[PDB]
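Colleague: Please find one structure pasted underneath; my questions will follow.
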Amino acid sequence: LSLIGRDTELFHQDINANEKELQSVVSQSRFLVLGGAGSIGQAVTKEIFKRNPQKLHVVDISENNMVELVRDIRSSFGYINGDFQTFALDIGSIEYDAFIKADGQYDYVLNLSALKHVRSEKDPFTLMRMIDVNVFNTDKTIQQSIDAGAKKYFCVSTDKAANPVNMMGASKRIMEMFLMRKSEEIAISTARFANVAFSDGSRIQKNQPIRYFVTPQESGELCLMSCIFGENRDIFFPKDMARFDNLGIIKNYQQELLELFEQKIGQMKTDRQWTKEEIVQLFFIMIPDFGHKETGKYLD
Amino acid sequence: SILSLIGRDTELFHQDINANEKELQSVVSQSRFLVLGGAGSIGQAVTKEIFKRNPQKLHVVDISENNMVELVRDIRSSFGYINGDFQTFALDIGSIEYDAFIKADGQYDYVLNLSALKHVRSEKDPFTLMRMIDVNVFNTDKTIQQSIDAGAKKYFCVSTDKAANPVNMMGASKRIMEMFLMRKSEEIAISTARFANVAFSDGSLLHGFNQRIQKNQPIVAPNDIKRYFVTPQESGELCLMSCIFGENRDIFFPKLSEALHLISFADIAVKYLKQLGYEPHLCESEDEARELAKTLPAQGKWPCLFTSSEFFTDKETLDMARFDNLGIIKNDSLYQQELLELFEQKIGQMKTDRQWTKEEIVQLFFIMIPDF
Ligand SMILES: NC(=O)c1ccc[n+]([C@@H]2O[C@H](COP(=O)([O-])OP(=O)(O)OC[C@H]3O[C@@H](n4cnc5c(N)ncnc54)[C@H](O)[C@@H]3O)[C@@H](O)[C@H]2O)c1
Ligand SMILES: NC(=O)c1ccc[n+]([C@@H]2O[C@H](COP(=O)([O-])OP(=O)(O)OC[C@H]3O[C@@H](n4cnc5c(N)ncnc54)[C@H](O)[C@@H]3O)[C@@H](O)[C@H]2O)c1
Ligand code: NA
Ligand code: NA
Ligand code: NA
């Protein structure tokens, strides 16, 4: 916070003016946080936890990082009287589906799960996984939230207003299209942001050599602010410019493109083979001005 | 530095490694390797052991894209680059994606599986427990079958931490895995390792000490639990030795040398705080500790809360002659076809029903392992 060089909170004024309702609403509410052991997900979870939630379940595929989340929560805040549980699960698995079928009762579902790295686009196999995790897992969990009568689904929008340049952004833009179809049935709000300092994946232990930033805690409050107070299709961002002081709001598909997407990806999976180029060609149909190029190819 | 923390000053396998270095280098340079769970704590270590000996082919697979980035950065600064086929893939071994990766390629000489769910608490609920069964039993059995299908010469994976009966579902899962492994070992050479505590491995109490220090939080550690500790590199060296030199069914493990001492977790914390330039302050309360953590680190003290509450049995066939530093158990565990089929049938049906209870799994585990 001072490590990135700043005096104060970005949202000093905004959470202040709403703290009591934030407190109020969290007290009487039930929360499912997907990807909750990730860098943004740990901060969102910690923001829900310190406000005394009635129910807070955290799901994340990383068994190790979840353990740390918990350790961190115990030291920071101690213990809470609501029902706080954690589950080291893959959101796309039968185990997660069983989890939901056995309970599934939440008011707010927040999804900070993702594959986000450029490594992950280099090969058709991880690229397919990125699609599963960023697009289809998001679509399925929104459906599950709808079927449970959740009030609100939060997720993290693309990082940029404009056109994706890589496969990760493209996957986020495609995810958004599936969101738009779902927003006919449940309120959906997103957060658009950039550069949470010290995020996972962003040397001294191993004696090896070694812009604007926001803190992890600031990223958790925004997601929370959008979750609780965001209207359907709202995208909250860090600064409708009149509702809040440091928070902005972007007020925000083709059925046949979505169908074509599910069909093509579906067939590739059935065939049990596909090339990166197949997927890239499909993306270009999905996103018209997709400014992906073959200049990466010439980079070693 | 890790060594000095675990009350030792010299590597464990310096003699066995040095004695076999030339042959290690010959083998690695003409062989293809697949490391599953290779972004994990032992995974990375064995991946580095392979990489530095200039392998023909080395493919790393793990669900953590973040820890993979760390593995590659570490490899780049430690060793640089090789001519051979080094690639990483952030894939879940249970997935269509991973199966399509194997169908397209799968051509490896040596397949190493350091993937797992390992936290005892992953027993809490029936959903995490089912995942642990999928990751520790079924993924292992499948990747072995995929290795037989591609003509791999050797599959390596981890053994149960102890020779004694399991006491929790974790150990039972690894014990059930071993039954599946024994069946597969009638078709391909399989060898394993049994490890001491690997110092600072991800998710461990020790790894926790780093986090606590980084987050200005109290250190918490049992003062009444002692363990043997090894370094990450030592874990990696043991994997590679069992991999390259293990015979079908050999369990490699570190001999208790005169250097290896039992040390308590509290004792490691104190050593570790002093190496960081801090003096431990013994607190007698969580609440106290939390408050003292805000101001004490400034004045070079750290609040501490110190709490309290065999690699081989005697009927195991050993080879203690082959290596100086490494012991070999000649595993002769058995399986019954019918109990393996039962387990696959009953687990498959729980998955079909989309519902199951913890106690249903426990009951199946009692049939699989009667003395559990
Ligand atoms: N950190 C930043 O500065 C930043 C900036 C812009 C956008 N974002 C976006 O915010 C989101 C989170 O970013 P992050 O920095 O927190 O990423 P992260 O890697 O730190 O956390 C992602 C989490 O998702 C989990 N996950 C992946 N697949 C899963 C699955 N199948 N089931 C359950 N969990 C799964 C991972 O274990 C990880 O904990 C991402 O979409 C990222 O693109 C982050
Ligand atoms: N660390 C120790 O002290 C220790 C001691 C004795 C035995 N062991 C055993 O050694 C093995 C590894 O220990 P570790 O300390 O390196 O654990 P670890 O948690 O650091 O690493 C396990 C790795 O497996 C990966 N993984 C899990 N599921 C996967 C999947 N479905 N697909 C792809 N990757 C997957 C994880 O992301 C992780 O990188 C485990 O069986 C453990 O029980 C460890
Ligand atoms: Na060869
Ligand atoms: Na092929
Ligand atoms: Na071949």
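What is reported rests on the model, the rules as stated and the sources as named; these are not laboratory values. Backbone-built Cβ (ideal geometry, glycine too); neighbour counts: all protein chains shown.
Colleague: Condition first: within 22 Å of residue B:347 (Cα to Cα), more than 10 Å from chain A (Cβ to nearest Cβ) and more than 14 Å from ligand 2 (Cβ to nearest atom). Now tell me which residues in the range B:124-159 satisfy that.
Modeller: Once the filter is applied, which keeps residues that are within 22 Å of residue B:347 (Cα to Cα), more than 10 Å from chain A (Cβ to nearest Cβ) and more than 14 Å from ligand 2 (Cβ to nearest atom), the range B:124-159 yields B:144, B:145.
Colleague: Okay, moving on. Pick from B:321, B:298: which is of a type outside the set (S, T, N, Q), over 24 Å from the mean Cα position of the chain (by Cα), within 30 Å of residue B:211 (Cβ to Cβ) and not in a strand (DSSP E or B)?
Modeller: Exactly one of B:321, B:298 is of a type outside the set (S, T, N, Q), over 24 Å from the mean Cα position of the chain (by Cα), within 30 Å of residue B:211 (Cβ to Cβ) and not in a strand (DSSP E or B), namely B:298.
Colleague: Kindly establish whether residue A:120 is touching a helix residue (DSSP H, G or I) at 6+ places or on another chain (Cβ under 6 Å), farther than 28 Å from residue A:183 by Cα and small (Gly, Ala, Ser). Lay out the reasoning, then the answer.
Modeller: Working: touching a helix residue (DSSP H, G or I) at 6+ places or on another chain (Cβ under 6 Å): yes; farther than 28 Å from residue A:183 by Cα: yes; small (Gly, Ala, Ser): yes.
Yes, satisfied.
Colleague: Take the residues of the range B:8-44 that are hydrophobic (A, V, I, L, M, F, W, C) and away from ligand 3 (no atom under 16 Å from the Cβ): which is farthest from the other protein chains (Cβ to nearest Cβ)?
Modeller: Among those residues, the one meeting the criterion is B:19.
Colleague: Among the numbered criteria (1) buried (at least 20 other Cβ atoms within 10 Å of the Cβ); (2) among the β-branched types (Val, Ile, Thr); (3) facing chain A (nearest Cβ under 8 Å), which single criterion is violated by residue B:96?
Modeller: For residue B:96, the failing item is (1).
Colleague: Still on this structure, I have one more. Only residues that are hydrophobic (A, V, I, L, M, F, W, C) and either part of a helix (DSSP H, G or I) or within 16 Å of ligand 1 (Cβ to nearest atom) (or both): list them for the range B:21-51, please.
Modeller: B:24, B:27, B:28, B:39, B:42, B:45, B:46, B:50, B:51, listed by residue number.
Colleague: Here's something else I'd like to know. Of everything in the range B:56-73 that's surrounded by fewer than 24 Cβ atoms within 10 Å (Cβ to Cβ) and under 18 Å from residue B:244 (Cβ atoms), which residue is farthest from the other protein chains (Cβ to nearest Cβ)?
Modeller: Applying the filter and picking the extreme gives B:56.
Colleague: Okay, moving on. Can you tell me which residue is farthest from ligand 3 (Cβ to nearest atom) among those in the range B:104-120 that are more than 14 Å from chain A (Cβ to nearest Cβ) and not hydroxyl-bearing (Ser, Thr, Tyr)?
Modeller: Restricting to residues being more than 14 Å from chain A (Cβ to nearest Cβ) and not hydroxyl-bearing (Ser, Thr, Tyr), the top hit is B:113.
Colleague: How many residues are under 23 Å from residue A:256 (Cα atoms) and outside any helix (DSSP H, G or I) if we restrict to the range A:163-179?
Modeller: The number of residues fulfilling the criteria is 2.
Colleague: Let me ask something else about it. Looking at this structure, is residue A:240 in contact with a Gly (Cβ under 8 Å, 6 or more places away or on another chain) and assigned to a loop (DSSP other than H, G, I, E, B)?
Modeller: Here the answer is yes, as residue A:240 does meet what is asked.
Colleague: Across the range B:180-198, which residue is nearest to ligand 2 (Cβ to nearest atom) among those that are part of a loop (DSSP other than H, G, I, E, B) and touching a helix residue (DSSP H, G or I) at 6+ places or on another chain (Cβ under 8 Å)?
Modeller: B:195
Colleague: Being within 19 Å of the chain's Cα centre (by Cα), away from ligand 5 (no atom under 16 Å from the Cβ) and not hydroxyl-bearing (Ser, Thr, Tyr) narrows it down to one of B:61, B:27, so name that one.
Modeller: B:61
Colleague: Being surrounded by fewer than 24 Cβ atoms within 10 Å (Cβ to Cβ) and farther than 13 Å from residue A:119 by Cβ: is that true of residue B:78 here?
Modeller: When the stated conditions are applied, residue B:78 passes them.
Colleague: Starting from the range B:94-107, take each residue that is in the same structural domain as residue B:33 (by CATH) and of a type in the set (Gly, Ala, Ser) and list its partners that are more than 11 Å from ligand 2 (Cβ to nearest atom) and not in a loop (DSSP other than H, G, I, E, B), counting only C-beta distances under 7 angstrom and pairs at least six apart or across chains.
Modeller: From the range B:94-107, the pairs are B:100/A:125; B:106/B:146.
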